[PDB]
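A.B. asks: Dropping the structure in here first, questions after.
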């Protein structure tokens, strides 16, 4: 089997419907006969009993610890994964056709392929699919720096400002092998993105790809995007 | 409205030394035609009705050179204005002199005197006039770049230019060079000021054909510290809420445009001219109507002049131009080279990537690679030249004297590496 | 609804007429005489040029109007022989101008009859004979006389009062003439850069502007306006633009002389041209 | 309405007959676009509007704002010209370049904190010089404003060593500050018997686009009068004039004499014009000779001023070690004025004439700055020297003019 | 006077810089108007003095652009017209108006060329036919777009690699509904097995029946000779030139190599030699039929039109 979908829960079903139901339904629509779901334990370690009350074909719910991250979540399920990893989240309701990111993962044999939908400044090549840079001022002392080798190999890099991460990744086996071999990573969204973006700027190397959609948008953990979730689910869940 | 232009016929950098101590850089010929003739032909084919030529150093020689040309004839549609002064020493001095004289009216071109191009910029001036009519004279300068890979030998490391612009409205937000910089630093207020789109561009070769509004001369009159063009854009981009003046940009992909400031830029632009990259401006077309410069185009870009008198065994394979009256001996091997008019070549010689000007005299057995020989030169037998050698204004090289890679020999002792004679040893 | 252009139904001998080619045959080129109610003529194959002609279609151009000289005419047989070889370029330009003036008069009387709603061709021909052919027979000039009388009636309508057609037909003809042939309107604009970098600079500039405005003739006021600080626009909205350009050039020369008398430069940014 | 006339023999600075321009009150503080709002609250928002154009030199030109402070159907005696220049270094270089400039300095202080902008303002006020401190941070808590006023009085106690004895902690506070300025600032001595010298700061064109042939107003210049009295009808003398380099060499400066047709201030001014305000003169000049800020930097004399157009001035180079009051938290060799290198641009502010000049030669006590445009102030006047540190012209030194090369064409 | 030399120099640097105007019939009308302006603005006693004059300015106008032959053959045709009038008047003062009316006859001959080819166009097209053309020419597209008014057939417009101008011909013929097929230039012998006849244009007909045309059409002529399909050269008679092919090697017009290999290719542009000839040479043995406004002619008949329109004493110009 090509993919093993992993759904993260780090601080949940507060809305017109369950927040866990939309990612699982999206997964169970196109394939994904077995789904590994990670339960939450930071806010309350009792949502897994709320996770086993759905009507899906097959779910794998595991208990987790309170103080844990997404990189620790992937390092926790390392002896039970044997193929590529397709990471998800709970608060992510997307009307985007999922097969674009998987087509970019298969067609170019990328090492990581991600999906964004219109803070974090990203630079993607003129083809629009392969990313080259991403940074925020949370960890930047200086304003912005660009490596010289990526300007010698890619002379024009289109930057984007309003793009937010929908947290839909496509990891390979050796990426999770290096993540398990390097226990200093705690948040995989800031670790697997920036370290692989730096290591791709080396010939024989790795490929990172991204799809910028223009159909819908994801949500957030806070109450800033909790008002549009019901308006999205009232007009987008009728077709699903 | 008419089309004015400012031509800086004296680039004030000390780069063509001591070649510039004989004859200014804009009078040096690529293929038997000086650079100011190329720039005036580009301006006349653009649609410029009036130019303003500015000359500081060796200006009388430039004046007597261009007075017998095609553009100062009464039949010329492009009238020139020869303006010289011994006081100005920079491009900002030229533009503040223009502002003090009030020559231009609106939407005038600004170009150097050593710019090789064939771009018709009517689309760029349409966009500039539309932006000036829309934003009520807010956008001032419209720079012009050419799309080029950064690995090309035209753009050298001294003037590789990286910009950060908008892809939607083509406005310039950041501008810098790569003069000894491995990691490039970009500001962050350009992203907050324009949240609709932004792009970085390293694929842009600078042509220095920046068409301007007369507010450029206004800002050059105000800011006395702005000495040249990149000083002006680097002072204009960092100060945005004071003296707003957003510079816009045009990118050319189907036409050629460049300038010269090295031996590398000279060699690359000359190799592009011989390989017809600046068509229609080709040496066999004779855009400057002179009988001493007309050529015929053979196969493999071989340009042959009149009365050449080739010998037996002399082979010309690729990119060879032969001027008027240059005699060539037997068993020669010439490739990728420009030969001037009235030269004398010996026997059993090789000449690759070389630029022989007029009046030179090459003896037998000489092997010349990637060099430059200026006017009235001479070289004896049993000499072999190395790449990046410069011979300047009748320097004689004696027998059994091989020059190293770094070699510039002229009549002036401290500006060149040495001064030669009938014997090369001192 | 159509008629001929002149009082004669057939052209005279050696009279250059304007025709349009309708078809090409072996005997010649069939044409239609546009100024004689589209009667059929023939340009001969021997008369199409002075050079040996292999084929008729090389110089016929069916659909194009051309001036041809009449060689032979027969009112009984209905044969009209025409020739393009005999006509000169000066005679061709004369025939083109005559056909243009006669077509303008035909369009004016056609508009007058359309305003009068005369659907019958005989009443329209009587209107033709009462308006244009009477002047053409009085001045002994077909086409030139009627157009000259209409150009005089557009200015002074006493010539139109002599026509005894009707009470409303003469007024409709005068209105059609004043709407069709009286477009006397032109604007000769020019730009002049007159200044004086001296003691009384603005005073000498105002004196030169007053001297240029004082040289404006009657029914042709040279209006000066400050288009720029160093440049000025001297417009002139009047008819007879060949004289208006000369008046603007004389005013510009007077302004240049008044500027040079007070030690001031006077450049011509633009010559006298119609707007 | 005013009742001035052309009958005057020896006017005074505090004369109530003029009521147009009596004294000038400079302002240099920690504003960051806050002093223009204070001057509009003190005088008027749309009060100063005579002839506008495109903003050419925003940070290089100083803006004057007249204020007729009345007392008691009120009675007006003296008016104050609020000089609010963009950038405190431009006002410091203009005040420390001679005499009769920035007579009443106003320290626009803020009751928020004690940041380094107030330290730079205090350094500029000490380098310029009667100070007038005024807290602009209105609408604060009582204990917070008390602690901020205690901190400001502790900062001004160190200011009291040089000049630190004003005291002022929204319209009532502005009226109290105007009353304190009318009661505290004395009448400065101005020379009215000398020849009128109008240093132009901003020129405008009064002729609109597409105007009439006879209704043509040309050369509405604007500036400041250094000393003397200018009357209508007197032939002004532009000492810089038209600088032309048509001889292919050294440029000649032809002085254009123009009859003063009117002296038009922000209000309807009379024929006589005194110093201490933005004097606007509409003379008999051409529109091309006086374009939008084209005739700036020209000393419009009246009786043939002795100052000739100098092309290269050799002055005494005396540069400071660090910047006056500019010291951030880092200070990584930023406040360090370097030596006068060859071919370096310097903004010499001789009084009101801010001209650029290249450092051609200097030997350890005197730099021979070759000016770009012709300047004519004096033969031994105190000439300043500025340098753009980071996108802003800041003062670097002062000196006295030791030698020059004059040129006067005709 | 002076305005004559103004217009002459404007025409000369217009030919030197680019293609002004775009198509050739306007250029021939400009050349004939310039020649009538030259003969109406001068003074001469003998016809030979005007002959030497016209030879000198013809040398100048073909030295402006040696690749474009329309101005040169128009100068040569005017020279033969002057020679014929001097010969018919020799066996004096009425010569000038005779050359004026002869130039007017040549203008009426020249304005009705494409529509005469269109009038004789129905004699070469049958129903359900496969036509292959190359390049872009308004004569051939007008030919096909009026021949489709009564017949229904197929036209395969093949693009040319330097400037794909056949896309304009494809979208101009597809508006008339001729079932246009668009292909590249590399599939000609791949589609020569089904093309019944080849109807192309040209730039210049040479004296021996050979022709220069848009590049890649010598390959098309070779494939059509291999498949024995007839070639239709819809060409007017102002593209008829006496210039022989082997003459000082000034045949091809080379343009900038940007359209073949762009400037963004890399550092490999230094060690490469890119040529872009926009014209190509077709011998008369690979041509079946020429179609001019006077009718259809053989390539074994171009010498008679040469001797009927041009003089052998004016071949050097």
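Numbering of chain C is taken from Swiss-Prot, so the residues present carry the numbers 4-278, in order.
The way this entry was determined, per its header, is electron microscopy, 3.0 Å.
Every residue, even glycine, has its Cβ placed from backbone N, Cα and C.
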A.B. asks: Going by Swiss-Prot, point out which residue in C:87, C:97, C:141, C:261 is annotated as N6-acetyllysine.
C.D. replies: C:141
A.B. asks: In Swiss-Prot, which of these is labelled phosphoserine: C:26, C:158, C:252?
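C.D. replies: The candidate carrying the phosphoserine note in Swiss-Prot is C:158.
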A.B. asks: What residue among C:52, C:86, C:105, C:129 has an entry for phosphoserine in Swiss-Prot?
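C.D. replies: Going through C:52, C:86, C:105, C:129 one by one, Swiss-Prot annotates C:52 as phosphoserine.
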A.B. asks: Other than its own, how many Cβ atoms are within 10 Å of the Cβ belonging to residue C:158 (phosphoserine)?
C.D. replies: 13
A.B. asks: Quick one, of the modified residues C:49, C:52, which Cβ has the fewest other Cβ within 10 Å?
C.D. replies: C:49
A.B. asks: Would you mind checking how many other C-beta atoms are within 10 angstroms of the C-beta on residue C:141 (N6-acetyllysine)?
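C.D. replies: Taking all protein chains shown, residue C:141 (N6-acetyllysine) has 12 Cβ neighbours within 10 Å.
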A.B. asks: Expressed to the nearest Å, what is the distance separating residue C:49 (phosphoserine) and residue C:141 (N6-acetyllysine) at their Cα atoms?
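C.D. replies: Pair distance, Cα basis, whole Å: 38 Å.
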A.B. asks: Cβ within less than 8 Å of a chain E Cβ is the test here; which of the modified residues C:49, C:141, C:158 meet it?
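C.D. replies: Sorted by position along the sequence, the hits amount to none.
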A.B. asks: Please count the residues of the domain 'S1 motif' (C:17-88) that DSSP assigns to helix (H, G, I), strand (E, B) and coil.
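C.D. replies: Counts, helix then strand then coil: 3 helix, 36 strand, 33 coil.
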A.B. asks: Between residue C:158 (phosphoserine) and residue C:141 (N6-acetyllysine), what is the CA-CA distance rounded to a whole number of Å?
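C.D. replies: Checking the Cα atoms of residue C:158 (phosphoserine) and residue C:141 (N6-acetyllysine) gives a distance of 20 Å.
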A.B. asks: Where residue C:52 (phosphoserine) and residue C:141 (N6-acetyllysine) are concerned, what is their Cα separation in Å, rounded?
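C.D. replies: Between the alpha carbons of residue C:52 (phosphoserine) and residue C:141 (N6-acetyllysine) there are 37 Å.
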